[PDB]
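We begin with a single chain expressed as C-alpha cells, specifically the form deposited in one PDB entry.
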C-alpha cells in the first residue's frame, strides 16, 4: 500500500509535491500515467487514438490496482483515474491526499465561438473536484503554500 496516494488536477503542484513527498519519506514515487506507458509500451495518445477511451480506462484501472498493491512509496494518480468506479472502489481504505486548488488559481498556474482555455479547464475541474473530494482521506490546500510547506503539512497527517 502506498504511504500516500496523490490526486489533483494540473496546476495543483502534484508533480513537485509528489517528488518532494517521496524523498521526504525515503520511498519511491510512481506515477500511473507513466506506468501506463511502461506497461503497454505505448504512449497515452496512442492507446487512446488507437484503442479508444474505454480501453484506456481499463488499462489505467489495472495499472492503479496493481500499484495500490505493489507500491509502498508515494503513488500519483492520473487526473481522470477517479472517474472510473472501479478505481474509486480500489482506493477504499487507502491514504488519499487531494492537493486541492480553486479553478481560478489553477488557471493562473497554467497557460502560455466555443469555450476558451480557461473555460475548458474550469469545466473539467467542476466535473473532477467532486470526485476528488469523494475519495480523499486528506484535503491539502495548495492555493498559496509552497511545495515544501505542503509536504510538511502532509507529513504531519501521515500515520
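Whichever C-alpha set is largest while still superposing within 1.5 Å between the two forms counts as the rigid core. Numbering follows the first chain given and starts at 1.
- Where coordinates are absent for parts of the deposited sequence, a chain break appears; between neighbours residue 112 and residue 113 it spans 4 to 9 residues.
- As listed in the deposited structure, the average C-alpha B-factor of 48-56 and of 103-111 is greater for 103-111.
- Taking only CA atoms, the mean B-factor in the PDB entry is higher for 67-75 than for the other of 80-88 and 67-75.
- Residues shown: 25, 136, 151, 9. Highest C-alpha temperature factor in the entry: 25.
- Annotation for residue 1: C-alpha temperature factor in the highest third relative to the rest of the modelled chain, per the entry.
Another form, the form deposited with a small molecule bound, is not on view; read the next lines as being about it.
- Residue 109 is the only one of 109, 94, 122, 65 with a heavy atom lying within 4.5 Å of the small molecule in the deposited complex.
- The small molecule is not drawn, but in the deposited complex it has a heavy atom within 4.5 Å of residue 9.
- In the deposited complex, the small molecule stays beyond 4.5 Å of every heavy atom belonging to residue 22.
- Within 4.5 Å of some heavy atom of the small molecule in the deposited complex lies at least one heavy atom of residue 150.
- Heavy atoms of residue 15 reach within 4.5 Å of the small molecule in the deposited complex, making it an interface residue.
- Of the residues checked (27, 66, 107, 124), the rigid-core alignment between this form and the one not shown shows a Cα shift of at least 2 Å for 107 alone.
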